[PDB]
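K.L.:
Dumping the structure here so I can ask a few things about it.
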Amino acid sequence: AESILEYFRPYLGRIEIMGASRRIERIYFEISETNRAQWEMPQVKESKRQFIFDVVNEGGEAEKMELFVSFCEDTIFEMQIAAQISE
Amino acid sequence: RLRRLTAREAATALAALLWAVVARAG
Amino acid sequence: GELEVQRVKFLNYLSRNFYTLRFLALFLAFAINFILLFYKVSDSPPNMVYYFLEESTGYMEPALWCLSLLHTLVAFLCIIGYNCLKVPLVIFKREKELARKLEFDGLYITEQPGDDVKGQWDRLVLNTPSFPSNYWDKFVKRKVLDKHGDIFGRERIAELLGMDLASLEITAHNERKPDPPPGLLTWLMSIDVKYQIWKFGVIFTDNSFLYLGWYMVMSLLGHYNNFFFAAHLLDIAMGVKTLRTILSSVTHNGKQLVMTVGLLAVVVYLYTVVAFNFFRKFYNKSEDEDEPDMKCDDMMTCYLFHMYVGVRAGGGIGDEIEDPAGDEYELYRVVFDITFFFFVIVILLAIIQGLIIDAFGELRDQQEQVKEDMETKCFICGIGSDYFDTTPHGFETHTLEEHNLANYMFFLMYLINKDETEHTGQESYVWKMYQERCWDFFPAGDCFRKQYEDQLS
Amino acid sequence: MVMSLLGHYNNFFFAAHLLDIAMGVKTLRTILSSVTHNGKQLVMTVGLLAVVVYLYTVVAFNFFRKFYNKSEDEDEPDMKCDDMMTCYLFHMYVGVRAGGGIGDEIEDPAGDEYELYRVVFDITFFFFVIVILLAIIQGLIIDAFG
Ligand SMILES: [Ca+2]
């Protein structure tokens, strides 16, 4: 089953979590058919370059990761309105 | 042309600037 | 109302390519300013007249006036594109922080509102019925009531945060719900005009919006017979990243030199009065056969003289003064002159030059620290690349199958399109934990292998 | 080779043979390669120099035209602030090479009219080209050895 994996690698997303078990595991899931392709956009890829800049020059407690989720919530809203503009 | 600045007017403006700068960290 | 769809569809074209439209200003600014370098003033109309000299070519006709409006029009559409593409999010940024504030904090309720710049203005939206008009959550008023309405005067909380008759209408919207027809272009004035003022206040406080708008006013003002079109070059040519560091350097240390240059103005003052009291008879600029122009006559005239010549002399005050070879006070001036040389030119100017150059001593370093973290840290879990270089490509593969800080946004996006029933035994685990906004689920120190070190490589 | 062949003309082309080989010394190569190493940096910076003077070029040509006055004997047909390009050429042929600011080859600003305006123009020129910008350009080249 080599051909199954290659055609699904652009549709397999991985993650590592740490909680409720005092140990780390892996969780898999299919992503999408359109979101993965649309995420590669010059509109957003410049923003993350600014984003990765801010997280590193100022560093403290877990609030560093807090704003990281905040960016993710903000990022999809940019992506949400993006689909409403393109014909 | 523009307004003609006499010595006293510029002196007062610049001295007010200097005193404001000092008083903001005085 | 038929053209309304086309009008909106027309705006879609503008917002499709905004940065490209902005780029035309750069090239157009050169030509309108490059050819401006052929002016020739004359005392004769083609009072004085700012005559314009042209070349043999047929252009630089009054089409420059058409070129002038051409520069403004391409900027004019940028207003609409910015207003239609860059500011549905500016509202969202302020919307989210206040809603997230109200979930955890009761500053507007418990203690006092914040010495309240950009926060005092926020009290307006509390009574506006259309607060969640942009944010994802549209039920924030009910969560805040649950946690703080009972512990306080429930009517007071139900009054301050809006809820028009909702104290008894909270349970009213539970039996059924009809669907009224849309009344667009008929009852449009029946909107929260008070909230509209709140939106505009945020717009006029935006850093980016003013700068682009500030670009407009000169373009309109440039249509006067003047050279205002040159100013368009400066405020946009700064858009280059490496150029921005140079100009921002003086801004970065602005709080430091402002107190230092002041010391320069007082040291010269000491040297100003001492010469005006004793060395008055030596300045003597000596115009032909008479000397009515003595810089050491008025208290302010002598002061203006030194910082118009002395600090720009480059070599000390003893370069535009008369000869100190006279018998009287011969040894005193060299004390005055040499001490001047050390205590302004050699030292103070070097210090001022030192701070500005030292600004690059920090700004350049910040452009390198953003590269070393990428080579060592993954920014996700508290591990460097040292353990990942034990195996070949171990840090390289760590960015593809381990946490790549990119699949996470996809992972969250999958959650919205999945019902609460279909969540797995762990997908629902993070979803509840996400809502209470803790962030302990991130690895932070271990990625699938440190806990699995001795068990199996 | 080509200069050696071309050097047979009655000319001094033989001097160029010295430069391109005397660089063969290792410690000398570092010096000459220093400007090459940071070439991508100063090229965008020196451009900012050419535009800042342009701002000061137009402002004087519009207001301070009647002060330059190089004043050849008994007549003044040679005013640097007459043509749009002539004034521009004047500043970067004298002002940046003056070493002390533009107020070293200009006439006396002691006149009653606009007396306090020139010192604003003159002093601001001193800070924003000679003190800072030239130091920055010198800074990058010396930092190449760093
Ligand atoms: Ca289930």
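Residue names in the structure tokens use chain letters A, B, ... in the order shown, residue numbers from 1 in each chain, and ligand numbers from 1 in the order shown.
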Taking 5 positions as the minimum chain separation for residues in the same chain, which residues sit within 10 Å of residue A:18 when counting only C-alpha atoms? Answer as a list in words.
P.N.:
residues 23, 24, 25 and 26 of chain A; 439, 440, 441, 442, 443, 444, 445, 446, 447 and 448 of chain C
K.L.:
Compute the set of chain A residues within 10 Å of chain C, using only C-alpha atoms, and express it as number ranges by chain.
P.N.:
A: 12-20, 23-32, 35-36, 39, 43, 52-57, 62-66, 68-78, 81-82, 84-87
K.L.:
Pull out every residue of chain C that has at least one atom within 8 Å of chain B, counting only C-alpha atoms, and report them as an NGL selection string.
P.N.:
:C and (258-259 or 262 or 300)
K.L.:
Output N, CA and C atoms for every residue in that selection, as a PDB file, in the first residue's frame.
P.N.:
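Result file is selection_31.pdb:
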ATOM      1  N   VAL C 258      17.924  63.816  23.874  1.00  0.00           N
ATOM      2  CA  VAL C 258      17.182  65.044  24.132  1.00  0.00           C
ATOM      3  C   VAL C 258      17.660  65.705  25.415  1.00  0.00           C
ATOM      4  N   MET C 259      18.017  64.914  26.424  1.00  0.00           N
ATOM      5  CA  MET C 259      18.589  65.461  27.646  1.00  0.00           C
ATOM      6  C   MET C 259      20.069  65.780  27.492  1.00  0.00           C
ATOM      7  N   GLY C 262      20.699  69.205  25.374  1.00  0.00           N
ATOM      8  CA  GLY C 262      20.448  70.323  26.260  1.00  0.00           C
ATOM      9  C   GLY C 262      21.686  70.758  27.013  1.00  0.00           C
ATOM     10  N   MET C 300      21.665  88.325  23.487  1.00  0.00           N
ATOM     11  CA  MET C 300      21.230  87.224  22.638  1.00  0.00           C
ATOM     12  C   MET C 300      22.029  87.140  21.345  1.00  0.00           C
TER      13      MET C 300
END
K.L.:
Would you mind listing the residues within 8 Å of ligand 1, counting only C-alpha atoms and all ligand atoms, as a list in words?
P.N.:
residues 420, 421, 422, 423 and 424 of chain C
K.L.:
Run DSSP on the backbone and grab whatever in stretch 346-396 of chain C lands in alpha helix (DSSP H); send it over as a PyMOL selection string.
P.N.:
chain C and resi 348-376+394-396
K.L.:
Let me see the file: selected residues, C-alpha atoms, as a PDB file, in the first residue's frame.
P.N.:
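Everything below was put into out_30.pdb:
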ATOM      1  CA  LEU C 348      30.353  66.442  23.020  1.00  0.00           C
ATOM      2  CA  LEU C 349      29.907  66.024  19.268  1.00  0.00           C
ATOM      3  CA  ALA C 350      31.571  62.607  19.447  1.00  0.00           C
ATOM      4  CA  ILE C 351      29.103  61.528  22.142  1.00  0.00           C
ATOM      5  CA  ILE C 352      26.118  62.628  20.054  1.00  0.00           C
ATOM      6  CA  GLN C 353      27.562  60.760  17.080  1.00  0.00           C
ATOM      7  CA  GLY C 354      28.211  57.800  19.371  1.00  0.00           C
ATOM      8  CA  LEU C 355      24.621  57.195  20.464  1.00  0.00           C
ATOM      9  CA  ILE C 356      23.189  57.337  16.941  1.00  0.00           C
ATOM     10  CA  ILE C 357      25.781  54.918  15.553  1.00  0.00           C
ATOM     11  CA  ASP C 358      25.345  52.657  18.584  1.00  0.00           C
ATOM     12  CA  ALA C 359      21.681  52.357  17.584  1.00  0.00           C
ATOM     13  CA  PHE C 360      22.794  50.004  14.814  1.00  0.00           C
ATOM     14  CA  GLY C 361      24.794  48.205  17.497  1.00  0.00           C
ATOM     15  CA  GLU C 362      21.449  46.866  18.730  1.00  0.00           C
ATOM     16  CA  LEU C 363      19.106  46.929  15.727  1.00  0.00           C
ATOM     17  CA  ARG C 364      21.452  44.806  13.611  1.00  0.00           C
ATOM     18  CA  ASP C 365      21.823  42.287  16.440  1.00  0.00           C
ATOM     19  CA  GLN C 366      18.047  41.869  16.670  1.00  0.00           C
ATOM     20  CA  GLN C 367      18.077  40.878  12.990  1.00  0.00           C
ATOM     21  CA  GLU C 368      20.476  38.024  13.837  1.00  0.00           C
ATOM     22  CA  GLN C 369      18.824  36.692  16.998  1.00  0.00           C
ATOM     23  CA  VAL C 370      15.722  35.933  14.915  1.00  0.00           C
ATOM     24  CA  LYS C 371      17.903  33.515  12.926  1.00  0.00           C
ATOM     25  CA  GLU C 372      19.726  31.685  15.729  1.00  0.00           C
ATOM     26  CA  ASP C 373      16.464  30.609  17.379  1.00  0.00           C
ATOM     27  CA  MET C 374      15.369  28.912  14.150  1.00  0.00           C
ATOM     28  CA  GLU C 375      18.613  26.932  13.961  1.00  0.00           C
ATOM     29  CA  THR C 376      18.376  25.759  17.586  1.00  0.00           C
ATOM     30  CA  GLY C 394      16.889  15.002  13.008  1.00  0.00           C
ATOM     31  CA  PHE C 395      16.241  18.715  13.383  1.00  0.00           C
ATOM     32  CA  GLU C 396      15.194  18.852   9.721  1.00  0.00           C
TER      33      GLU C 396
END
K.L.:
What's around residue C:90 at 9 Å? Count only C-alpha atoms, leave out sequence neighbours fewer than 6 positions away in its own chain, and write the answer as a CSV table (one decimal) with N, CA and C atoms, in the first residue's frame.
P.N.:
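To be explicit, this is the file written out as around17.csv:
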chain,number,residue,atom,x,y,z
C,202,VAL,N,-12.0,54.5,16.5
C,202,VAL,CA,-10.9,53.6,16.3
C,202,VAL,C,-10.2,53.8,15.0
C,203,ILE,N,-10.9,54.1,13.9
C,203,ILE,CA,-10.2,54.3,12.6
C,203,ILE,C,-9.3,55.5,12.7
C,206,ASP,N,-5.9,54.7,14.3
C,206,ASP,CA,-5.1,53.7,13.6
C,206,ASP,C,-3.8,54.3,13.1
K.L.:
Write down, as a PyMOL selection string, each residue of chain D that has any atom within 9 Å of an atom of chain B, counting only C-alpha atoms.
P.N.:
chain D and resi 63+113-117
K.L.:
I need the chain D residues near chain C as a VMD selection string; criterion: at most 8 Å, counting only C-alpha atoms.
P.N.:
chain D and resid 41 44 to 45 51 55 82 to 85 99 to 101 119 123 126 131 to 132 135 to 136 139
K.L.:
Please identify all polymer residues within 12 Å of stretch 116-124 of chain C, counting only C-alpha atoms, omitting same-chain residues fewer than 4 positions from it, and present them as JSON, numbers by chain.
P.N.:
{"C": [94, 95, 97, 98, 99, 107, 108, 109, 112, 128, 129, 130, 131, 160, 161, 162, 192, 193, 194, 195, 196, 197, 198, 199, 200, 201, 202, 203, 204, 205, 206]}
K.L.:
Next, the residues of the selection above should be written as a short mmCIF file (atom, residue, chain, number, x, y, z; two decimals), in the first residue's frame with N, CA, C and O atoms.
P.N.:
data_model
loop_
_atom_site.label_atom_id
_atom_site.label_comp_id
_atom_site.auth_asym_id
_atom_site.auth_seq_id
_atom_site.Cartn_x
_atom_site.Cartn_y
_atom_site.Cartn_z
N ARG C 94 -9.92 44.62 18.29
CA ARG C 94 -10.47 45.27 19.48
C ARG C 94 -11.68 44.52 20.01
O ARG C 94 -11.91 44.50 21.23
N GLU C 95 -12.46 43.89 19.13
CA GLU C 95 -13.61 43.12 19.58
C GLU C 95 -13.18 41.93 20.44
O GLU C 95 -13.77 41.68 21.49
N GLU C 97 -10.35 41.31 22.19
CA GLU C 97 -9.68 41.58 23.46
C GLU C 97 -10.68 41.99 24.53
O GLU C 97 -10.55 41.59 25.70
N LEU C 98 -11.69 42.79 24.17
CA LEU C 98 -12.69 43.19 25.16
C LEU C 98 -13.55 42.01 25.58
O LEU C 98 -13.84 41.84 26.77
N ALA C 99 -13.98 41.19 24.62
CA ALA C 99 -14.77 40.01 24.95
C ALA C 99 -13.97 39.04 25.81
O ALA C 99 -14.48 38.51 26.80
N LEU C 107 -13.03 44.60 35.07
CA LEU C 107 -12.50 45.93 35.34
C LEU C 107 -13.57 47.00 35.18
O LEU C 107 -13.68 47.91 36.00
N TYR C 108 -14.38 46.89 34.12
CA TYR C 108 -15.51 47.79 33.94
C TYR C 108 -16.63 47.54 34.94
O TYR C 108 -17.54 48.37 35.04
N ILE C 109 -16.60 46.43 35.67
CA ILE C 109 -17.66 46.05 36.58
C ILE C 109 -17.18 46.02 38.03
O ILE C 109 -17.81 46.58 38.91
N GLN C 112 -12.85 49.36 38.74
CA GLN C 112 -12.97 50.64 38.06
C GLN C 112 -12.34 50.52 36.68
O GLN C 112 -11.41 49.73 36.51
N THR C 128 -24.08 49.81 23.38
CA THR C 128 -24.46 49.57 22.00
C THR C 128 -24.99 48.15 21.85
O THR C 128 -24.29 47.19 22.20
N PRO C 129 -26.21 47.96 21.33
CA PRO C 129 -26.75 46.60 21.16
C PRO C 129 -25.98 45.75 20.16
O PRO C 129 -26.15 44.52 20.19
N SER C 130 -25.16 46.34 19.30
CA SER C 130 -24.47 45.61 18.24
C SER C 130 -22.98 45.47 18.53
O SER C 130 -22.14 45.56 17.63
N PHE C 131 -22.62 45.25 19.79
CA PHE C 131 -21.22 45.02 20.14
C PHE C 131 -20.62 43.80 19.45
O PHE C 131 -19.53 43.93 18.86
N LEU C 160 -26.15 48.23 32.88
CA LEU C 160 -24.93 48.88 32.42
C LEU C 160 -24.46 48.30 31.09
O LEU C 160 -23.99 49.05 30.22
N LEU C 161 -24.57 46.99 30.91
CA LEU C 161 -24.05 46.31 29.74
C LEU C 161 -25.10 46.15 28.64
O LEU C 161 -25.01 45.22 27.83
N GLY C 162 -26.07 47.04 28.59
CA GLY C 162 -27.11 46.98 27.57
C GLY C 162 -28.34 46.23 28.08
O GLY C 162 -28.93 46.61 29.08
N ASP C 192 -27.41 51.25 14.96
CA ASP C 192 -26.73 51.83 16.11
C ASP C 192 -25.78 52.92 15.65
O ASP C 192 -24.57 52.70 15.54
N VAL C 193 -26.32 54.11 15.38
CA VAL C 193 -25.50 55.24 14.95
C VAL C 193 -24.49 55.60 16.03
O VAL C 193 -23.38 56.05 15.73
N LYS C 194 -24.85 55.40 17.30
CA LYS C 194 -23.91 55.63 18.38
C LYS C 194 -22.70 54.71 18.25
O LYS C 194 -21.56 55.14 18.48
N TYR C 195 -22.93 53.45 17.89
CA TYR C 195 -21.81 52.53 17.66
C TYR C 195 -20.99 52.93 16.45
O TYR C 195 -19.78 52.68 16.41
N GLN C 196 -21.63 53.55 15.45
CA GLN C 196 -20.89 54.01 14.28
C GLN C 196 -19.83 55.03 14.67
O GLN C 196 -18.72 55.02 14.14
N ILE C 197 -20.17 55.93 15.59
CA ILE C 197 -19.19 56.88 16.10
C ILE C 197 -18.05 56.15 16.78
O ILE C 197 -16.88 56.54 16.66
N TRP C 198 -18.36 55.07 17.50
CA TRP C 198 -17.31 54.30 18.16
C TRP C 198 -16.36 53.68 17.14
O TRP C 198 -15.15 53.66 17.35
N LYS C 199 -16.90 53.18 16.03
CA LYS C 199 -16.05 52.60 14.99
C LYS C 199 -15.13 53.65 14.40
O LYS C 199 -13.94 53.39 14.18
N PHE C 200 -15.65 54.85 14.13
CA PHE C 200 -14.84 55.89 13.51
C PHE C 200 -13.70 56.33 14.42
O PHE C 200 -12.59 56.61 13.95
N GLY C 201 -13.96 56.39 15.73
CA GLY C 201 -12.91 56.77 16.66
C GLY C 201 -11.73 55.82 16.62
O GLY C 201 -10.58 56.24 16.74
N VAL C 202 -12.01 54.52 16.46
CA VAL C 202 -10.93 53.55 16.31
C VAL C 202 -10.16 53.80 15.02
O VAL C 202 -8.93 53.69 14.98
N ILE C 203 -10.87 54.14 13.94
CA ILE C 203 -10.23 54.34 12.65
C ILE C 203 -9.25 55.51 12.71
O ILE C 203 -8.11 55.41 12.24
N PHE C 204 -9.68 56.63 13.29
CA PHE C 204 -8.82 57.80 13.37
C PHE C 204 -7.66 57.62 14.35
O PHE C 204 -6.76 58.47 14.38
N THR C 205 -7.67 56.56 15.15
CA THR C 205 -6.54 56.25 16.02
C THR C 205 -5.60 55.22 15.41
O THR C 205 -4.55 54.93 16.00
N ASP C 206 -5.94 54.66 14.26
CA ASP C 206 -5.08 53.68 13.62
C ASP C 206 -3.80 54.33 13.12
O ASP C 206 -3.82 55.41 12.52
#
K.L.:
Identify, on the basis of only C-alpha atoms, every residue whose closest approach to residue D:4 does not exceed 10 Å; exclude the query and any residue fewer than 3 positions from it along the same chain; express the result as a ChimeraX atom specification.
P.N.:
/D:1,7-9,13-14,16-17
K.L.:
With C-alpha atoms retained, export the selected residues as a short mmCIF file (atom, residue, chain, number, x, y, z; two decimals), in the first residue's frame.
P.N.:
data_model
loop_
_atom_site.label_atom_id
_atom_site.label_comp_id
_atom_site.auth_asym_id
_atom_site.auth_seq_id
_atom_site.Cartn_x
_atom_site.Cartn_y
_atom_site.Cartn_z
CA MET D 1 46.95 40.18 -21.48
CA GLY D 7 50.05 49.06 -23.85
CA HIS D 8 52.24 49.18 -26.94
CA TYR D 9 50.38 52.33 -27.98
CA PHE D 13 48.41 51.69 -19.86
CA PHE D 14 51.32 49.80 -18.31
CA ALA D 16 47.21 49.22 -14.78
CA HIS D 17 49.30 46.04 -14.66
#
K.L.:
Quick one: pull the distance between atom CA of residue C:236 and atom CA of residue C:22, Å, one decimal.
P.N.:
10.0 Å
K.L.:
Can you measure atom CA of residue C:172 to atom CA of residue C:191 for me? One decimal in Å is fine.
P.N.:
22.9 Å
K.L.:
Grab the atom CA of residue C:296 to atom CA of residue C:281 distance for me, in Å with one decimal place.
P.N.:
8.2 Å
K.L.:
Would you pick out the contacts of residue D:125 at 9 Å or less, using only C-alpha atoms, so that residues sharing its chain but fewer than 6 positions from it are not included, and give the list as a list in words?
P.N.:
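Listed by chain and then number, they are residues 53, 56, 101 and 102 of chain D.
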K.L.:
Compile the contact shell of residue C:273 as a PyMOL selection string: residues with an atom at most 12 Å away, counting only C-alpha atoms, same-chain residues fewer than 2 positions apart removed.
P.N.:
chain C and resi 266-271+275-280+295-303+306
